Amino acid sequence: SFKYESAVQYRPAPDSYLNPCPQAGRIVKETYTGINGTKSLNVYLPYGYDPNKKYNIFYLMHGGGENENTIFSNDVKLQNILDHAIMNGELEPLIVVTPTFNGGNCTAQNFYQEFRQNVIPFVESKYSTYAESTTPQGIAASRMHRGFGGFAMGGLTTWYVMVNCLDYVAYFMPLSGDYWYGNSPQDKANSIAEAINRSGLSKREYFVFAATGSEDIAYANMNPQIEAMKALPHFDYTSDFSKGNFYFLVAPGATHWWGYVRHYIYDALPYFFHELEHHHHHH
């Protein structure tokens, strides 16, 4: 059903998508020990999850003051949107993981380290992704089917994941947060460009779908960064990821609130994981 648009516009999920779907994915609370101690996360498994199939995986970080339970809590209800989108065929089934940057020495900035060493091997050894194994080689070999996103301070987390984890992750969804490395937007853009250079990847091998609200305070810092990134050769601006790799969706009137940001995920997540995919699909 899904077809890429070149300038996709903001559209909230129908109100009905905010209520429970009968085809409900299972949400599993997990606990693991890593470099920041013993911590928890939730794993959303799609309805019909079959461990003998391979699923895309999207890791999604909360904002400041929140935790690994927030996104599937009653304050957000993202699972209802996922369930309905997957049942209706708008979104291909995938695993969605909500970890936390709380605990131990962890911060929104440094979470990528724990992500690489602890979170990916824990989750992807248990559940069926494109990783045939969870050695560094096995994670890197499956990077086209792995994404990371997050809201606010979790948007900051996303940018640090991008800069430090291009080897492991191809799709990025920073929501209402900018990258804090640099004294100007050009410094931020240049850091990202240098990470890309170091990775050796082509422009067909990483994708950034950023979003915020036109009344969201984070726009002030995101917008200059996006414009600086658009000037790099590293990014081809368009939401058609069969043709380019960079988009910034700005929702008219929306403020810095999960009530809006959940809809950005609804709009953007369907755009992920079709480039070099293993099914024969026409988008």
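Numbering starts at 1 and runs along the sequence shown.
Taking the mean C-alpha B-factor of each stretch as recorded, 144-152 and 115-123 are not equal, and the higher mean is that of 115-123. Between 62-70 and 226-234, it is 226-234 that carries the larger average Cα temperature factor according to the deposited entry. Comparing C-alpha B-factors across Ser239, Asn42, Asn56, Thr33 in the deposited entry, the largest value falls on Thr33.
Looking at the C-alpha B-factors along this chain, the one for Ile81 belongs to the lowest third.
In this PDB entry, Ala193 carries a Cα temperature factor that places it within the highest third of its chain's modelled residues. For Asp178, the recorded CA B-factor ranks within the middle third of the chain. Only modelled residues enter the ranking. Ranked within its chain, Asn88 lands in the middle third, by CA B factor from the PDB record.
Placement of the Cα temperature factor of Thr158 within the chain: lowest third of the modelled residues, per the deposited record.
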